[PDB]
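Asks: below: the sequence, then the experimentally determined structure.
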Number of protein chains: 2
Amino acid sequence: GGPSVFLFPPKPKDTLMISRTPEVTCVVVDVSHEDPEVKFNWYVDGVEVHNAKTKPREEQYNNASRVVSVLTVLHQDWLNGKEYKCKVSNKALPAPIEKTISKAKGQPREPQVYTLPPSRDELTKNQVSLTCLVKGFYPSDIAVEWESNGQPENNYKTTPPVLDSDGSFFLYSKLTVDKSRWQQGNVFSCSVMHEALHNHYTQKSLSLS
Amino acid sequence: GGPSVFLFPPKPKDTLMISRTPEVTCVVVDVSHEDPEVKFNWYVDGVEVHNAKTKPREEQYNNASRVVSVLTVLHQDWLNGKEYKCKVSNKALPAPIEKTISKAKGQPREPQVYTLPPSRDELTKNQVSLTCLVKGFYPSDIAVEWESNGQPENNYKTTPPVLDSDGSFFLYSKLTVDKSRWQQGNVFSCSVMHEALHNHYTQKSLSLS
Ligand SMILES: *[C@@H]1O[C@H](CO)[C@@H](O[C@@H]2O[C@H](CO)[C@@H](O)[C@H](O)[C@H]2NC(C)=O)[C@H](O)[C@H]1NC(C)=O
Ligand SMILES: *[C@@H]1O[C@H](CO)[C@@H](O[C@@H]2O[C@H](CO)[C@@H](O)[C@H](O)[C@H]2NC(C)=O)[C@H](O)[C@H]1NC(C)=O
């Protein structure tokens, strides 16, 4: 017994590209049956708005319900620091629950992007690691991708952002390719999207030296 | 109203060095005042043991209490996969809460450790990044450190372990030094501790080529 509220920011890639649709998501869990109806009020910088959409009710595994409201946001509103408030009114609540999110505050800093070839030690293995170091960025909302000849690469993993000692963030992205592709002289690229880059996008290349 | 239980494994460095003292920690939060007393029963592979120690009661910020029991463990017991069960008996509980932890199961895999010098692009900055790539290890319990001339370095950060595509883990550790120290020819070392290394320890060096 007891309903709670979680509020999620848009996905980094979505806020950075005008072609994409950034959304903020209000998730209500433990919806007491005795009180199913949930009213959502949305506010952007205090001003109530209405372009939200409540997706189908989902059935939890505890005799309770999950109701999700999704609010489409303007890229520029999000990047400019506007606050999004989701107001959840229920009967099983002493008062409406109000949650709030916004972009992290603080001076945006531009990611420095560095590509690092495999250690000579790794050339004895069947596959090698190509490393993309992304550092010095703020806020931590970022997306990183790898590609070669214009097509996405499958076998890569990216660390979460890590808080660095100067208050900015860094991460690494590791791409794994067969040693044969590397040694031939194939060219690989690390793409980085972040608000503090020109056109929200930079890429750095890496191939055999 | 309602008491819960969290169970924490020992610290990686502690299980790997015989000189250190690995402990498992049973944390009880929301200790209903009406029922303060908490009895701890500890079990190692089902066998009850008694070398635990209950640290001073702490006062939460919700009219409830926090009681912590700490169990000293044998390095080899932990690394061999023995299960640690913490049994919390309280009056405000329908039944004693039993929680359980053990080392992650699965074939231990040896970390491959690779040191990577700064990208040539970074030599235009006042400080440079020295990168230690640690990959292919299992389980994810690991510790990484940096040093030069036998002394620990201050300015480094290590990513959490990341699940790689073959089911093993990797991480990176980034050491930041003034460009001047790098270019002079100072030698830096990345130390790695993990159960699947000989003597639970390896290190790799990195200096100007
Ligand atoms: C699922 O939750 C509902 C409440 O949301 C439980 O229902 C109530 O059951 C009590 C009997 O103990 C009745 O007095 C209430 O009037 C019921 N309320 C409603 C809205 O039906 C129900 O018992 C729960 N299901 C299970 C299997 O435990
Ligand atoms: C802190 O928690 C205690 C219970 O752990 C609360 O105490 C009880 O208060 C009710 C009155 O509403 C009494 O009928 C009970 O007998 C009390 N129990 C005990 C063990 O004292 C107490 O009210 C809480 N403190 C605050 C400030 O809310």
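Replies: That came in fine, so what should we check first? Numbers count the residues shown, from 1 in each chain, chains lettered A, B, ... in the order given. Ligands and ions are numbered 1, 2, ... in the order given.
Asks: could you report the neighbour count for whichever residue of chain A sits closest to ligand 1?
Replies: For chain A and ligand 1, the shortest gap (Cβ to the nearest ligand atom) falls at residue A:33, measuring 2.6 Å. Where C-beta positions appear, they are placed from N, C-alpha and C, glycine not excepted. The number of residues packed near residue A:33 is 9, by other Cβ atoms under 10 Å in any protein chain shown.
Asks: show me the contacts for it.
Replies: Counting by Cβ atoms under 8 Å, 6 or more residues apart in numbering or on different chains, residue A:33 makes contact with A:63, A:64, A:65.
Asks: could you do residue A:81 as well?
Replies: Contacts of residue A:81 by Cβ under 8 Å, 6+ apart are A:102, A:103, A:105.
Asks: can you list the domains in chain A?
Replies: A:3-102, A:103-208 (curated CATH domains).
Asks: so how many other residues sit close to residue A:92?
Replies: Residue A:92 has 15 neighbouring residues, counting by other Cβ under 10 Å.
Asks: quick one: it is in a strand?
Replies: No - when DSSP: H, G, I helix; E, B strand; the rest coil is applied, residue A:92 is found to be coil, with no strand at that position.
Asks: around chain B, which positions in chain A sit nearby?
Replies: Proximity of chain A to chain B (Cβ under 8 Å from any Cβ of the partner chain) is limited to residues A:112, A:114-119, A:121-122, A:125, A:129, A:131, A:133, A:135, A:155, A:157-160, A:162-165, A:170-172, A:174, A:176.
Asks: next step: these restricted to strands.
Replies: Using DSSP state E, the subset of the residues of chain A next to chain B located in strands is A:112, A:114-116, A:129, A:131, A:133, A:135, A:157-158, A:162-163, A:170-172, A:174, A:176.
Asks: which of those residues are close to ligand 1?
Replies: When Cβ under 6 Å from any ligand atom is applied, no member of these is adjacent to ligand 1.
Asks: what subset of those is buried?
Replies: Buried positions within those, assessed by neighbour count (16 or more other Cβ atoms under 10 Å in any protein chain shown), are A:112, A:114-116, A:129, A:131, A:133, A:135, A:158, A:162, A:170-172, A:174, A:176.
Asks: starting at the chain centroid, how far to stretch A:132-145?
Replies: Offset of stretch A:132-145 from its chain centre (Cα atoms, centre = their mean, to the nearest Å): 11 Å.
Asks: repeat that for stretch A:82-99.
Replies: 24 Å.
Asks: endpoint to endpoint, it covers what distance?
Replies: Start-to-end span of stretch A:82-99 (Cα to Cα, to the nearest Å) is 14 Å.
Asks: bridging across strands, which residues link to the nearest residue to residue A:100 once chain neighbours are set aside?
Replies: Distance criterion Cβ to Cβ, 6 or more residues apart in numbering or on different chains; nearest residue to residue A:100, sequence neighbours excluded, is residue A:85 at 5.0 Å. Beta-bridge pairing for residue A:85 (DSSP bridges): residue A:43, residue A:100.
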